[PDB]
S.K.: 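Encoded as structure tokens, here's the structure I'll be asking about.
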Amino acid sequence: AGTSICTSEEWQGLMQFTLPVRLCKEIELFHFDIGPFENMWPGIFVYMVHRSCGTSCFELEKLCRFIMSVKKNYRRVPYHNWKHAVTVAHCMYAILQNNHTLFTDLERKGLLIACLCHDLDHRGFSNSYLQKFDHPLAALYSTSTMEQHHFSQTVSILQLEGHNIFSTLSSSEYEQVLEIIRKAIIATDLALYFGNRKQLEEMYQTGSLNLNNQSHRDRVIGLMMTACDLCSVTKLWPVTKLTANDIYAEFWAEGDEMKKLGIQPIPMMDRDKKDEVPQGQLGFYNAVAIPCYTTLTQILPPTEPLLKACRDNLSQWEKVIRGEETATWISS
Ligand SMILES: O=[N+]([O-])c1cccc2ncccc12
Ligand code: NI
Ligand code: NI
């Protein structure tokens with residue numbers, strides 16, 4: 001209720017943070033897992049912004065206040081949380097570094113920010129749930145319900161005193177960047193991914209894809225956002241498997257609320273149907289993740305390691321289905 005604001009101690013701490021030298025090299029790689037470095041996550045974001053956009057892209061104070069306030073407006077939910085925000089932002093960084101000059105300075109700063117912000121104030125409930133039970137948000141936002149709220153939260157944080165990192169842009173560039181962020185955030189609505197990917201595959205296979213065409217650029221950026229949102233499936237298996245535990249914790253919690261409202265949940269959301277999880281993963285990788293990274297690699301060749309990793313993880317789920325799993329550790 002209201003927008004939360006970081007403490008002076010919080011942003012000043014981030015300002016003096018220094019990244020360990022050994023991680024510099026690691027942060028460049030797609031498969032990098034932020035997991036073991038929690039105290040460093042905000043500093044990792046500063047580092048990526050500085051490397052991609054320059055140490056003078058944003059005023060350091062406004063940037064540190066922005067980052068720490070963004071953190072404070074992620075809720076303590078199992079998956080759609082601050083950890084996921086930084087993971088998605090790190091994926092975008094790796095994509096941008098590998099494709100740097102395809103994107104404008106305005107796009108890079110807008111996308112890194114869009115990724116950090118893209119699940120702001122997530123409550124651990126899906127668009128399906130909010131619309132089924134007519135939460136106030138579904139009244140306000142008829143489609144892409146959570147995504148429109150995440151954008152609105154982004155704008156609220158920028159509006160906090162001393163938090164507007166984009167103020168020094170020309171009025172034209174300011175409006176362009178807010179549009180980059182809005183489109184990028186909305187694009188993380190998976191309902192829109194299916195159409196976008198089919199369109200892109202079509203433009204690619206016929207050779208009409210043209211990055212000089214703004215509607216094409218917007219669509220390629222949308223698929224980048226999907227790729228980054230889903231990137232837990234491109235990590236090393238143990239990391240992917242552990243993250244799946246977190247995702248399913250939210251799903252099962254939503255399913256439990258549905259049962260209280262007299263409605264049996266979809267199996268994916270049913271904690272009494274865990275046997276169906278490996279097949280559900282197969283379905284998800286075949287329907288969403290594999291096609292995503294497949295098309296993204298056609299359009300941006302350097303992103304090929306995301307697709308190779310996603311394929312390796314599909315193989316691991318297939319192993320699970322056939323009863324070939326080995327010992328597994330969980331944090332419960
Ligand atoms: O939507 N996801 O982020 C996601 C990630 C990994 C596995 C999933 N399985 C089913 C639905 C969504 C999934
Ligand atoms: Ni989301
Ligand atoms: Ni997300």
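As the structure lists them, so they are numbered: ligands from 1, and atoms in each ligand from 1. As a basis for the values below, the full set of heavy atoms in this structure was taken, side chains included, without hydrogen atoms, waters or symmetry mates. All residue numbers in this chain count up from 1 along the given sequence.
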S.K.: Parallel, tilted or perpendicular for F32 and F37, by the 30°/60° rule?
M.R.: parallel
S.K.: At the 4.0 Å heavy-atom cut-off, does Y285 count as touching ligand 1?
M.R.: no
S.K.: Just wondering, is there an N, O or S atom on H84 that's nearer than 2.8 Å to the Ni ion (ligand 3)?
M.R.: yes
S.K.: Does the structure place the NZ or CZ of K241 under 6.0 Å from the centre of the six-membered ring of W329, at an angle of no more than 45° from the ring's axis?
M.R.: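 Geometry flag: not set, cation outside 6.0 Å or 45°.
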S.K.: Using a strict threshold of under 4.0 Å (side-chain N to carboxylate O), is an ion pair present between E107 and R217?
M.R.: yes
S.K.: Identify, for atom 6 (C) of ligand 1, the protein heavy atom at the shortest distance, and state residue, atom and that distance.
M.R.: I247 CD1, 3.6 Å
S.K.: Identify, by atom number and element, the atoms of ligand 1 in contact range of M268, meaning under 4.0 Å from any of its heavy atoms.
M.R.: 10 (C), 11 (C)
S.K.: Under a 4.0 Å threshold between the charged nitrogen and the carboxylate oxygen, would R123 count as salt-bridged to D121?
M.R.: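 Salt bridge between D121 and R123, a charged N being under 4.0 Å from a carboxylate O: yes.
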S.K.: Should the ring pair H80 and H122 be called parallel, tilted or perpendicular, given that the plane angle runs from 0 to 90° and is split at 30 and 60?
M.R.: parallel
S.K.: Should the pair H90 and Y93 be assigned to parallel (<30°), tilted (30 to 60°) or perpendicular (>60°) ring geometry?
M.R.: tilted
S.K.: How far is atom 9 (N) of ligand 1 from its nearest protein heavy atom, and which residue and atom is that?
M.R.: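 Residue, atom and distance for the closest contact: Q281 NE2, 3.0 Å.
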S.K.: Identify, by name, the N, O or S atom of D119 lying closest to the Ni ion (ligand 2).
M.R.: OD1
S.K.: Looking only at protein heavy atoms, identify the closest one to atom 4 (C) of ligand 1 and say how far it is in Å.
M.R.: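 Checked against all protein heavy atoms, atom 4 (C) of ligand 1 sits closest to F284 CZ, 3.7 Å.
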S.K.: Angle between ring planes, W237 versus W317, binned at 30° and 60°: parallel, tilted or perpendicular?
M.R.: perpendicular
S.K.: Using a strict cut-off of 4.0 Å, indicate which atoms of ligand 1 neighbour a heavy atom of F251.
M.R.: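 Near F251, meaning under 4.0 Å from one of its heavy atoms, ligand 1 has 11 (C), 12 (C).
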S.K.: Taking 4.0 Å as the limit for heavy-atom contacts, which would you say applies to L230 with ligand 1: side chain only, backbone only, both, or neither?
M.R.: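 The answer is the side chain.
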S.K.: In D229, what N, O or S atom is nearest to the Ni ion (ligand 3), if we give its atom name?
M.R.: OD1
S.K.: What class does the angle between the rings of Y248 and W252 fall in, given that below 30° is parallel, 30 to 60° is tilted and above 60° is perpendicular?
M.R.: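 Because their plane-to-plane angle lies in the 30° to 60° range, the rings of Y248 and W252 count as tilted.
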S.K.: Any idea which N/O/S atom from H118 gets closest to the Ni ion (ligand 3)?
M.R.: NE2
S.K.: Any N or O on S232 sitting closer than 3.5 Å to an N or O of ligand 1?
M.R.: no
